[PDB]
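S.K.: Structure in structure tokens, see below.
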Amino acid sequence: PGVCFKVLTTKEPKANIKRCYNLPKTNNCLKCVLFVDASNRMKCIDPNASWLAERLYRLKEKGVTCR
């Protein structure tokens, strides 16, 4: 997706996540893990978030892995 985050989400989203993406650091955009939730809203997670690995595990169990 052609998006560019300058703010990180740190709080764990409560909504179901349907897609995720690893977004790279650029001069304009932060490195973050992009979540698209079931309501089509985007939050780009701080890669340092403590809860993120477990959330990605749960997503993988459901058949959702990040692009």
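Simple scheme: letters A, B, ... for chains in structure tokens order, numbers from 1 for residues in each chain, numbers from 1 for ligands in the order shown.
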If you count only C-alpha atoms, which residues fall within 12 Å of residue 29 (chain A), apart from same-chain ones fewer than 6 positions away, as a list in words?
M.R.: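 Surrounding residues, per the criterion: residues 2, 3, 4, 5, 6, 7, 8, 23 and 44 of chain A.
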S.K.: Hey, what's within 8 Å of residue 22 (chain A) if we count only C-alpha atoms and toss same-chain stuff fewer than 5 positions away? As a ChimeraX atom specification, please?
M.R.: /A:31-34,66-67
S.K.: Restricting the calculation to only C-alpha atoms, which member of A:30, A:63, A:37, A:58 is positioned closest to residue 14 (chain A)?
M.R.: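 Of A:30, A:63, A:37, A:58, the one nearest residue 14 (chain A), counting only C-alpha atoms, is A:37.
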S.K.: Tell me, as a list in words, which residues lie within 12 Å of residue 62 (chain A), counting only C-alpha atoms; anything in the same chain fewer than 2 positions away does not count.
M.R.: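 Residues meeting the cut-off are residues 16, 17, 18, 19, 55, 56, 57, 58, 59, 60, 64 and 65 of chain A.
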S.K.: Keeping only N, CA and C atoms, write those residues as a PDB file, in the first residue's frame.
M.R.:
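Printed below is again.pdb as written:
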```
ATOM      1  N   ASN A  16     -10.051  -7.343  15.196  1.00  0.00           N
ATOM      2  CA  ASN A  16      -9.419  -8.356  14.362  1.00  0.00           C
ATOM      3  C   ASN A  16      -8.619  -7.728  13.228  1.00  0.00           C
ATOM      4  N   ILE A  17      -7.468  -8.318  12.942  1.00  0.00           N
ATOM      5  CA  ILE A  17      -6.603  -7.837  11.874  1.00  0.00           C
ATOM      6  C   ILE A  17      -6.726  -8.750  10.661  1.00  0.00           C
ATOM      7  N   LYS A  18      -6.999  -8.175   9.493  1.00  0.00           N
ATOM      8  CA  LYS A  18      -7.146  -9.004   8.299  1.00  0.00           C
ATOM      9  C   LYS A  18      -5.934  -9.046   7.376  1.00  0.00           C
ATOM     10  N   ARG A  19      -5.102  -8.012   7.413  1.00  0.00           N
ATOM     11  CA  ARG A  19      -3.895  -7.982   6.601  1.00  0.00           C
ATOM     12  C   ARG A  19      -2.814  -7.271   7.377  1.00  0.00           C
ATOM     13  N   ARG A  55       0.977 -11.312  18.891  1.00  0.00           N
ATOM     14  CA  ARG A  55      -0.136 -10.990  18.009  1.00  0.00           C
ATOM     15  C   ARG A  55       0.083 -11.554  16.614  1.00  0.00           C
ATOM     16  N   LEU A  56       1.309 -11.435  16.111  1.00  0.00           N
ATOM     17  CA  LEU A  56       1.639 -11.980  14.799  1.00  0.00           C
ATOM     18  C   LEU A  56       1.540 -13.512  14.784  1.00  0.00           C
ATOM     19  N   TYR A  57       1.895 -14.149  15.896  1.00  0.00           N
ATOM     20  CA  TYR A  57       1.726 -15.597  16.042  1.00  0.00           C
ATOM     21  C   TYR A  57       0.254 -15.986  15.908  1.00  0.00           C
ATOM     22  N   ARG A  58      -0.603 -15.273  16.625  1.00  0.00           N
ATOM     23  CA  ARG A  58      -2.038 -15.554  16.591  1.00  0.00           C
ATOM     24  C   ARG A  58      -2.591 -15.335  15.190  1.00  0.00           C
ATOM     25  N   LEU A  59      -2.135 -14.276  14.523  1.00  0.00           N
ATOM     26  CA  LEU A  59      -2.550 -14.017  13.151  1.00  0.00           C
ATOM     27  C   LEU A  59      -2.102 -15.134  12.218  1.00  0.00           C
ATOM     28  N   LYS A  60      -0.856 -15.570  12.371  1.00  0.00           N
ATOM     29  CA  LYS A  60      -0.338 -16.663  11.559  1.00  0.00           C
ATOM     30  C   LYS A  60      -1.166 -17.941  11.738  1.00  0.00           C
ATOM     31  N   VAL A  64      -3.096 -15.410   8.571  1.00  0.00           N
ATOM     32  CA  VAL A  64      -2.700 -14.050   8.218  1.00  0.00           C
ATOM     33  C   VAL A  64      -1.216 -13.854   8.512  1.00  0.00           C
ATOM     34  N   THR A  65      -0.430 -13.641   7.460  1.00  0.00           N
ATOM     35  CA  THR A  65       0.994 -13.356   7.605  1.00  0.00           C
ATOM     36  C   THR A  65       1.315 -12.071   6.859  1.00  0.00           C
TER      37      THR A  65
END
```
S.K.: Within 8 Å of region 10-12 of chain A, counting only C-alpha atoms, which residues show up once you throw out same-chain ones fewer than 5 positions away? Write them as a PyMOL selection string, please.
M.R.: chain A and resi 45-46+49+51-52
S.K.: Taking N, CA and C atoms for each residue, export the selection above as a short mmCIF file (atom, residue, chain, number, x, y, z; two decimals), in the first residue's frame.
M.R.:
```cif
data_model
loop_
_atom_site.label_atom_id
_atom_site.label_comp_id
_atom_site.auth_asym_id
_atom_site.auth_seq_id
_atom_site.Cartn_x
_atom_site.Cartn_y
_atom_site.Cartn_z
N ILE A 45 2.29 -0.34 13.58
CA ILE A 45 2.78 -0.69 14.90
C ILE A 45 4.29 -0.49 15.02
N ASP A 46 4.70 0.08 16.15
CA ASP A 46 6.11 0.14 16.52
C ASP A 46 6.69 -1.28 16.52
N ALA A 49 7.20 -2.94 19.88
CA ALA A 49 6.08 -3.28 20.76
C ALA A 49 6.26 -4.67 21.37
N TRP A 51 4.09 -6.72 22.64
CA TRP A 51 2.99 -7.64 22.39
C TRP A 51 2.94 -8.09 20.93
N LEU A 52 3.74 -7.47 20.08
CA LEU A 52 3.58 -7.66 18.64
C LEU A 52 3.88 -9.09 18.18
#
```
S.K.: Just give me the gap between CA of residue 21 (chain A) and CA of residue 43 (chain A) in Å, one decimal is fine.
M.R.: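 Taking CA of residue 21 (chain A) and CA of residue 43 (chain A), their separation equals 10.7 Å.
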S.K.: Just the strand (DSSP E) stuff from chain A, please, per backbone DSSP, written as a CSV table (one decimal) with C-alpha atoms, in the first residue's frame.
M.R.:
```csv
chain,number,residue,atom,x,y,z
A,17,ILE,CA,-6.6,-7.8,11.9
A,18,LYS,CA,-7.1,-9.0,8.3
A,19,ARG,CA,-3.9,-8.0,6.6
A,20,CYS,CA,-0.5,-6.9,7.6
A,21,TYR,CA,2.7,-5.5,6.0
A,22,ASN,CA,6.3,-4.8,6.9
A,23,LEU,CA,6.9,-1.1,6.0
A,32,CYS,CA,6.5,-0.2,11.2
A,33,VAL,CA,4.2,-3.2,10.9
A,34,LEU,CA,1.1,-2.0,9.2
A,35,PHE,CA,-2.2,-3.6,10.4
A,36,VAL,CA,-5.4,-3.4,8.4
A,37,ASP,CA,-8.3,-4.2,10.7
A,42,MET,CA,-4.9,1.2,9.4
A,43,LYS,CA,-2.5,1.4,12.4
A,44,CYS,CA,1.3,1.1,11.9
A,45,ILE,CA,2.8,-0.7,14.9
```
S.K.: Of the residues A:47, A:9, A:61, A:41, which is the one nearest to residue 25 (chain A), using only C-alpha atoms?
M.R.: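 Result for the nearest residue to residue 25 (chain A): A:47.
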S.K.: Write down as an NGL selection string the residues of chain A whose backbone DSSP state falls under helix (DSSP H, G or I).
M.R.: :A and (52-62)
